[PDB]
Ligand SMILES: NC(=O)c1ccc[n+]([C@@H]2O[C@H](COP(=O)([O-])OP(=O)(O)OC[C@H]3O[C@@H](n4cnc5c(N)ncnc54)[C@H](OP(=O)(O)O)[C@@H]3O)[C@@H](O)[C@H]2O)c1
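Below you will find one chain, with nothing else, as structure tokens; this is the form solved without the ligand, and questions on how it binds or moves follow later.
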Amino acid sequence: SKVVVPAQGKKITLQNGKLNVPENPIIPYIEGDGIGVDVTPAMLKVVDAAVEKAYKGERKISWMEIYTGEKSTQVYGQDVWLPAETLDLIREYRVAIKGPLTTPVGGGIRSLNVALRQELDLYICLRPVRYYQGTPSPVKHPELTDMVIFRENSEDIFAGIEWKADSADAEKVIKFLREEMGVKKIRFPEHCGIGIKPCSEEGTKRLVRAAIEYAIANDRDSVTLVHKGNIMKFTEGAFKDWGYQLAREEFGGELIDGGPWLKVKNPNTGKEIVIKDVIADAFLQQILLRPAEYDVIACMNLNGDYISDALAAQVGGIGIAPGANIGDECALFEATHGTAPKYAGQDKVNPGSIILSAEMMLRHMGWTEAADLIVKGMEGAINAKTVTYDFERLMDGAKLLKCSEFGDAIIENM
């Protein structure tokens, strides 16, 4: 039923991992709710301008609006938050980009952000954090952070397997645990909520295969597995040991003096790449105290939420962190931040997050030149101290811009 597909426009296809991208591709976008209505028109305007500039008119994206969240009940009936159509269309057109979504409390509907991250088996959440020169940071040295986070998106506590305290189904499970498994370490059995965290060999090896093939393709110095595997041994600890098994078995890892750390040679370059582990709690400290030691980070779903959002804040970026969820059959690039409805409609928020998830969308397609021009413009707009609420509420001798006008500032700087 009612979504409008373009006339001038052809669709992206696959041919084993490598995808065939037309001169005139159809790219789906979901507006987002709240500030989605402000930031998405600006993201469309600078991507279009960056491809006019780089390819001098040969290439053009035909943009196709698809629906999720609030904006979808308005179009299809107040109870459908996620239309099956949207799922069949990202799988078919292969790359899409979304603005913020937040899910309603009241219907026992789970994070829409996360129902898509998994109904489409988009198992890699990739969030790069670098310092853009000139951003207000709270830390003294934010320039040392050039990290790339690879977060497992189909597992962990984040999958949604849990039952309400005192419910039918939850008591059955505690009877099963005390009686048939011989478990005495639940301090209080009565009026207790239980949740399940799973971690599989297959599930973690495809995230670490993905993170190490990225270290190779991009001349990167280290791959740090972070985990709290000293207390959660068979989930998170199984993840560091399966992650090191895979760098031995598929990549020819060798030891560094007496372990535990391994060496991988970069086939294309000859630099030695390091495969190390740091307990997740000690890692939260090591990112503030010693950030140049780490580059690519691989980890399970919950820790990656945490490290991204902690690193993003440290470099000045809550409002500008990019994000992609990449799978085997398709990818979805998104704004990382909330919906923020207090400020929606009145054009003020920073659109950098969704614009930089678009630089990412563009180099995924292999339109590196348009991607590199969007990061030239963002680097300039910011250096020109010509900026938006969030960066001016914190900076001296800067000029204040609306969301519209900041997009224009990025174009002006290409």
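Quick note: we count residues from 1 along the sequence shown, nothing fancier.
Peer 1: Going by the mean C-alpha B-factor recorded in the entry, which is higher: 81 to 89 or 295 to 303?
Peer 2: Result: 81 to 89.
Peer 1: Quick check on the record: does 277 to 285 or 226 to 234 carry the larger mean Cα temperature factor?
Peer 2: Per the deposited B-factors, the answer is 226 to 234.
Peer 1: Sorting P322, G243, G258, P104 by Cα temperature factor from the record, which one lands on top?
Peer 2: Largest recorded C-alpha B-factor: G258.
Peer 1: Just grab whichever of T269, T135, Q314, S154 has the top CA B-factor as deposited.
Peer 2: Top of the list by C-alpha B-factor: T269.
Peer 1: Going by the CA temperature factor in the PDB record, which third of the chain does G195 belong to: lowest, middle or highest?
Peer 2: Middle third.
Peer 1: Ranked by Cα temperature factor within the chain, is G253 in the lowest third, the middle third or the highest third?
Peer 2: It falls in the middle third of the chain.
Peer 1: Taking the entry's C-alpha B-factors for this chain, is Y131 in the lowest, middle or highest third?
Peer 2: Lowest third of the chain for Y131's C-alpha B-factor.
Peer 1: For the chain shown, is the CA B-factor of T386 in the lowest, middle or highest third of its modelled residues?
Peer 2: Top third by C-alpha B-factor.
Peer 1: Please place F150 in the lowest, middle or highest third of its chain according to the CA B-factor in the PDB entry.
Peer 2: Within its chain, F150 is a lowest-third residue by C-alpha B-factor, going by the deposited values.
Not pictured, yet referred to below: the form deposited with the ligand bound.
Peer 1: How about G338: is it within 4.5 Å of the ligand in the deposited bound form, going by heavy atoms?
Peer 2: Result yes; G338 sits at the interface with the ligand in the deposited bound form.
Peer 1: In the deposited bound form, does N113 have a heavy atom within 4.5 Å of the ligand?
Peer 2: Answer yes; at least one heavy atom of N113 falls within 4.5 Å of the ligand in the deposited bound form.
Peer 1: Answer for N350 alone: is it within 4.5 Å of the ligand in the deposited bound form, judged on heavy atom distances?
Peer 2: So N350 counts as contacting the ligand.
Peer 1: If you check in the deposited bound form, is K18 within 4.5 Å of the ligand, heavy atoms only?
Peer 2: Close contact is absent here: in the deposited bound form, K18 is far from the ligand, nothing within 4.5 Å, heavy atoms only.
Peer 1: Can you pick the one in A370, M361, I30, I35 that has a heavy atom within 4.5 Å of the ligand in the deposited bound form?
Peer 2: Looking at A370, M361, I30, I35 one by one, just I35 meets the 4.5 Å heavy-atom criterion.
Peer 1: Of 193 to 201, 142 to 150, 97 to 105, 212 to 220, which is the one stretch near the ligand in the deposited bound form, taking non-hydrogen atoms within 4.5 angstroms as near?
Peer 2: That would be stretch 97 to 105.
Peer 1: Can you work out whether the ligand is within 4.5 angstroms of a heavy atom in all three of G9, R59 and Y93 in the deposited bound form?
Peer 2: No residue of the spot touches the ligand in the deposited bound form.
Peer 1: Looking at the ligand in the deposited bound form, which residues in 373 to 397 have at least one heavy atom within 4.5 Å of it?
Peer 2: Residues within 4.5 Å: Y389, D390, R393.
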